[PDB]
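What follows is one structure encoded as structure tokens, with my remarks underneath.
Every number in this text was worked out from the coordinates using simple rules, so none of it is lab data. Ideal geometry is used to build each Cβ from the backbone, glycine not excepted, and the neighbour counts take in all protein chains shown.
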Amino acid sequence: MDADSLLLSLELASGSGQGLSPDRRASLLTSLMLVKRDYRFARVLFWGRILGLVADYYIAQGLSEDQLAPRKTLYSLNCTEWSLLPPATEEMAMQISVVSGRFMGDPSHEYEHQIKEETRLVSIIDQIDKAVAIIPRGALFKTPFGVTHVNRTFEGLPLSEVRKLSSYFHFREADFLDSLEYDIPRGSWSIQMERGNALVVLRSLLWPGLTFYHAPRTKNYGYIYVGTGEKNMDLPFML
Amino acid sequence: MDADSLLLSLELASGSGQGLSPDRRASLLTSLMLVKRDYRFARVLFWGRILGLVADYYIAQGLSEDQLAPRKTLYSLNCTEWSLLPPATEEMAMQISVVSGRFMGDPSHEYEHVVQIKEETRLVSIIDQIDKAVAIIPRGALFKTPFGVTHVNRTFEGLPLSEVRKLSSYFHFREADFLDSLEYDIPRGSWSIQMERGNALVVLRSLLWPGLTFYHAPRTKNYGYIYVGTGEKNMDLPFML
Amino acid sequence: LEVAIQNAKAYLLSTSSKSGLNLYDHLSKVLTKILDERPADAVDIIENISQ
Amino acid sequence: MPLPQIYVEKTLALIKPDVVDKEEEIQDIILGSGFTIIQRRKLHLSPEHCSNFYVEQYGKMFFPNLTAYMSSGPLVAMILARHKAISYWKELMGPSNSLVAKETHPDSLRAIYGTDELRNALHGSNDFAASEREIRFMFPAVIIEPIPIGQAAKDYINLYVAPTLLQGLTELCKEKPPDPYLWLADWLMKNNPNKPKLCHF
Amino acid sequence: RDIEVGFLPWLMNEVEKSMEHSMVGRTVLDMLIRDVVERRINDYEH
Amino acid sequence: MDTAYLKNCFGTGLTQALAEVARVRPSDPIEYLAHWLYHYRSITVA
């Protein structure tokens, strides 16, 4: 989510209940502004949290012009001390498949199944972005120059279009993006209305902790993954 | 401020430091949302608050489908029971001109400057005097056609930071290239330009009517004004500046 | 090129019966709304002013 | 000019690194005076750029301080345009030498912001043809001039483009290569007469 | 070999015609600006 | 002559190329032509 989600508690307004304290919120505002300074990103959205057993990894994601670029991930344990997380590949996706369990706060932790916790952080954040990173329909407009920009004239979805999974897009490489109605399982997405139905909350069931914010009246949107960081393989049993 | 955007860019976050509690905020959200149903308003605003002496007034407006406030006005001691405040006029404002002091909080209260001037009339006269005019509109937020139709500028993008620092890039909300700018106002220097949290939000403080703070998010279609004050004009502004 | 601009006026638009709109009137309205202070990035906005 | 067409006059306008900090007031006076800004851009001219920008007069203005005052920090260039653009911009500026403008033109921007002869706060077009030359230098790929519809385009092509394009296409005709555009474009890049040959090895 | 007489003369004529068509486009655009804005000041003040 | 081969091969492309170059008047027309031909593929073939 953008900085507008850190001037007000947009995260906890979704009713998921997990988010940032005002301490972390103000610290994150200053730190993500400094990240946009130090790293010349077009925008610096707060990706979310990986709730560990010792400390939580506060995650930020760099956005280029060129928003479907291979987005650059950053991590921080004490919020402000932001550090450039390495990018993800297919080998590191295959590497962590033998490991299961909750994240440890120290990213130097080792698993004997060695495997670094930093590699787990990189791979799990990549998997969450490829699976359940949400963009509402029409928020991004494929520019004729081979580059994706913000559709800066985007009006929020009509309330008729709110209830359809077709009106929401996977924020990744592929109206250009893939819609959520093919995201198997068919019931894998939960759509609910809060705050007088001026608020659409769309939570991932396959990756619990994701909660996508959207205000239909305006263009205020964003997604945050605040959760344990594992994939709910039990989803078809649970549906 | 917009009734749906009251949470966004909170009143206490505007730096004036006077605003609503969560109790009033939730009650005001649902009550203005129902006011959209009860009255045929195109949009409903929270005009602001008047502290008074015994009970606070909570005010709402008021827009028709003109997209420029004529306007109707509502008032309520709580944030639940909204009552239609009848509009002011020249004679009504003439009676309040001999009335001074803070608001009481009882609409049925009378004054002796004698004309039995009701607190209800004092409320509407003060509201329209504030709205005729220290309410603020950013440059380009709305526009007027050659056919006499006002339109909210859907393609508005906020003001650039260069235009933020000038009073020329802000308009009085009252009707008057379409509306009068704030750099035509009396006394000169009556508007305090300010910057909080860097360039995240503009804050304009009215020095004629104390408690009025106008909020504008640069580069974005988030703006609005609110009056949280005493309900009496700071005529003593010339001795300050 | 006076004959050419005469032909240009002559075209715009022998009215397209598929929609009943005119290039002259359509682009005129598009430019009229643009000349109410759209920003320097107005070149990227005409695709949905046309809509 | 006495066509059906109607005409915009355009002028360059610069701010030096000792005045860029007051960019905002200068832009406010520029807009308030009636100018319209077409494009902004932040520059940092190395001495090679300084030697090329004044190339119409760098062969007489042997002032190393004049190169430093473009190179000692960033610049703010603008295209301005309004009714009689160059003369109105000259009227706001005043004399080119700020030492004269300080005492004789109180209203001048150069008096308000400038310091001395070489520390002039502003530089802009002193002539329409000079306006095209400096604007085509500093902001490439921005159309500013009347289009050469007639024989002037043919002369331009025959003097710059054709002496290379003819010979390159001639060799393209001898080879008859597949997907001929690669042969032409790579030939033009490799054997440009106005550039040296690059050996990336 | 002798393309200097063959093909470049045709292409120079085509550059001339394409620039003429471009000028026609610029002219038509300019008439559009006049029409829109003259309709604006005249009707706005009435 | 070799006109017919290059009649078919280039056609509209060189016309638009030198029309744009004459309109722009860059400092290096030849490099501009090469880059424009690259871009012309990048729109047409793709």
Study note, to complete from the structure: Computed for the protein assembly as shown: size of charge dipole around the Cα centre, +1 on C-beta of each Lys and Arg, -1 on C-beta of each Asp and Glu, debye to nearest 20, value 580
Point to revise | Residues C:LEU35, D:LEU99 arranged by fewest to most Cβ contacts within 10 Å | key: C:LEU35, D:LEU99
Check your understanding: Using the beta-carbon distance between C:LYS18 and C:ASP44 and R0 = 30 Å, what value does 1/(1 + (r/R0)^6) give for FRET efficiency, to the nearest 0.05?
Key -> 0.65
Study note, to complete from the structure: Relative to chain E, whose Cα atoms define the longest principal axis, helix E:8-45 and its Cα axis are tilted in degrees, nearest 10, by 0
Review point. With contacts defined as alpha carbon pairs under 8 Å and 6 or more residues apart, what's the relative contact order of chain D in percent?
Key: 23
Review point. Expressed as a rounded percentage, what relative contact order does the range D:122-201 have, with Cα pairs under 8 Å and six or more residues apart?
Key: 17
Check your understanding: How many Cβ atoms of partner chains, on average, are near each residue of D:181-191 if near means within 10 Å of its Cβ?
Key -> 5
**Study point:** Relative compactness, the range B:35-111, computed as alpha-carbon Rg over 2.2 N^0.38 Å
**Key:** 1.19
Revision key, fill the gap. Expressed as a whole number, the average count of other chain Cβ atoms within 10 Å around the Cβ atoms of D:142-150 is 4
Practice item. Report, in degrees rounded to the nearest 10, the 0 to 90 angle that the Cα long axis of helix F:12-24 makes with the longest principal axis of chain F. Key: 20
**Study point:** nm² value of the averaged projected area, convex hull over the Cα atoms of the range B:1-85
**Key:** 5.6
Review point. Roughly what would the spin-label model give for A:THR80 and F:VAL24, points 7 Å off Cα along C-beta, in nm?
Key: 4.8
Exercise for review: Assuming 1.567 mPa s and 4 °C, estimate D for chain E with Stokes-Einstein, Rh taken as the Kirkwood radius over Cα pairs, in µm²/s.
Suggested key: 96
Check your understanding: Under a no-solvent Debye model with one identical scatterer per Cα of chain A, what's log10 I(q)/I(0) at q = 0.08, 0.09, 0.14, 0.16 Å⁻¹?
Key -> -0.28, -0.36, -0.93, -1.24
**Study point:** Sites E:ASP2 and D:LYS60, calculated FRET efficiency, Cβ-Cβ separation with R0 60 Å, nearest 0.05
**Key:** 0.80
Review point. Are there trypsin sites (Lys or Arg not before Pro) in the range A:1-47 that DSSP puts in a loop and that have at most 16 other Cβ atoms within 10 Å, and which ones?
Key: A:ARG40
Exercise for review: Provide D:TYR58, A:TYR213 in ascending order of the number of other Cβ atoms located within 10 Å of each residue's Cβ, fewest first.
Suggested key: D:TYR58, A:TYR213
Check your understanding: Order of F:23-31, E:31-39 by packing, highest average Cβ count within 10 Å first?
Key -> F:23-31, E:31-39
Exercise for review: Within a 10 angstrom radius of each residue's Cβ in A:151-159, how many Cβ atoms of other chains show up on average? Whole number is fine.
Suggested key: 2
Check your understanding: What order do you get for A:183-192, A:74-83 when each peptide is scored by the mean count of other beta carbon atoms within 10 Å, highest first?
Key -> A:74-83, A:183-192
Review point. Charges only on Cβ, +1 for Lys and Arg, -1 for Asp and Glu: so what's the dipole of the range B:139-235 about the Cα centre, in debye to the nearest 20?
Key: 220
**Study point:** Cα→Cβ-extended label distance, 7 Å offset, between F:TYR5 and D:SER46, nm
**Key:** 4.3
Exercise for review: With the convex hull built on the Cα atoms of the range D:99-188, state its orientation-averaged projected area in nm².
Suggested key: 9.8
Practice item. Take the Cβ-Cβ distance between B:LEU12 and B:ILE193 as r, set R0 to 25 Å, and report the resulting FRET efficiency rounded to the nearest 0.05. Key: 0.80
**Study point:** Kirkwood-based shape ratio for the protein assembly as shown, expressed as Rg/Rh from alpha carbons
**Key:** 1.01
Review point. What's the angle, to the nearest 10 degrees (0 to 90), between helix F:29-44's Cα axis and the longest principal axis of chain F?
Key: 60
Check your understanding: Could you give the distance between the Cα centres of the range A:89-149 and the range B:179-231, to the whole Å?
Key -> 44
Review point. What is the Rg over Rh value, at two decimals, for the range A:135-216, using alpha-carbon atoms and the Kirkwood definition of Rh?
Key: 0.97
Point to revise | About the Cα centre, charge dipole magnitude for chain E (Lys/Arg +1, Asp/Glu -1 at Cβ), debye | key: 80
Exercise for review: Work through the residues other than A:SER123 whose Cβ is under 13 Å from its Cβ and net out their charges, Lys, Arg +1 and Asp, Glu -1.
Suggested key: -3
Review point. So what's the back-of-envelope 222 nm ellipticity for the protein assembly as shown, counting only DSSP H runs of four-plus at -39500 (n - 2.57) apiece and dividing by all residues, rounded to 500?
Key: -10500 deg cm²/dmol
